[PDB]
Structure formats: structure tokens, C-alpha cells
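You are given C-alpha cells for the same protein chain in two forms, set apart as structure 1 and structure 2.
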Structure 1
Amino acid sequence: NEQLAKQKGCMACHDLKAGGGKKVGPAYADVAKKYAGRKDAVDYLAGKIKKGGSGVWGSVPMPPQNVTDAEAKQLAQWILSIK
């Protein structure tokens, strides 16, 4: 399974899918660093995940995503936790 592969060190040499390093959106660790000082980061990011947005990291927009309000908040919190 995926967790076993992580534990065994496999992911030092392998990604799940191709295209690493060339994606259209920002790295989550950079999102986490940016908003570390921001008290309302969770709701700000949840809004962007659900409703989409542009201009914060580049000119290409993130389209609105198929997530509930609760999921958007959960994803925001997880991203903020990334170190």
C-alpha cells in the first residue's frame, strides 16, 4: 500500500504521478509559510479553495473546487500545518 511504500523509503526515488515541479499552482509549504502569521488564514484559504481565485500567486486562476465548506476548512488547516 501507499503508507508501506512511504515507510520503506520508496518515495525518495519515486513520485505517484509525473509532473512534479511543473504544476500550475503554488506549493503547499509556501502557502503555509505565507499565511503562518494570519489569524483568519483558515477561512480566507477555505473561501479560495471553494470559490476559486487568481492574482495571489500568478495570473492563472484556480477554478472553484468541488468541496463542501467543511472540507475546504479541513484542507486549509492541513495545508497550514505543512512545514
Structure 2
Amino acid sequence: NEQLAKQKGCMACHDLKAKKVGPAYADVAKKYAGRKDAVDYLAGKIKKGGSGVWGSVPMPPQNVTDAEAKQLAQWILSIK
């Protein structure tokens, strides 16, 4: 039960629900940092959408310019 889980400290490491459908950017950065074409790969996913890397729910194509997608990929790849 929930307050049992709270009392035993479990919620220090677990949440009840993933609020968001997409991966946190820091996890995207971890998965791709140190890989050579990740800015092209990420920019393309942001602009055109994709599914199946993290789960079944897809990301729709996003209304960004090629420049904006590239900058967002670069930003995400800099996450510390």
C-alpha cells in the first residue's frame, strides 16, 4: 500500500506514475553522448517524429525548422 511504501522510504527512488510519455532529455543525452552522428539523428527525429526506441507511443513530427531541430539536438546533447 501507498503509505507503507512512503514509510519504508521507497518513494525516494520510485514515483507512482511517469507523468510524461517521452524520455527525460538527460536520458536521451546519456544514450547518445559520445556517438558520432547523434546531432543528425536527433534533429531528424525531432523534425519527423519516430517511435519504438523508448516505447510504443510515437513522437509526432514537430513544427521546427531544420535549424531549430539541430539546435535542440545540440542542446539536448549538452545536458549535464
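Shifts are known only where both forms have a C-alpha. By convention here, residues take numbers in order along the sequence of structure 1, the first being 1. We call the rigid core the largest set of C-alpha positions that still match within 1.5 Å between the two forms.
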property: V24: Cα shift of 2 Å or greater between structures 1 and 2 (core-aligned); result: no
property: Core superposition between structures 1 and 2, C-alpha change of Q7 at least 2 Å; result: yes
property: Rigid-core-fitted C-alpha displacement of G37 between structures 1 and 2 (angstrom); result: 2.0
property: After superposing on the core, C-alpha shift for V56 between structures 1 and 2 in angstrom; result: 0.3
property: Core-referenced shifts between structures 1 and 2 - contiguous stretches of at least three, CA at least 2 Å; result: 1-18
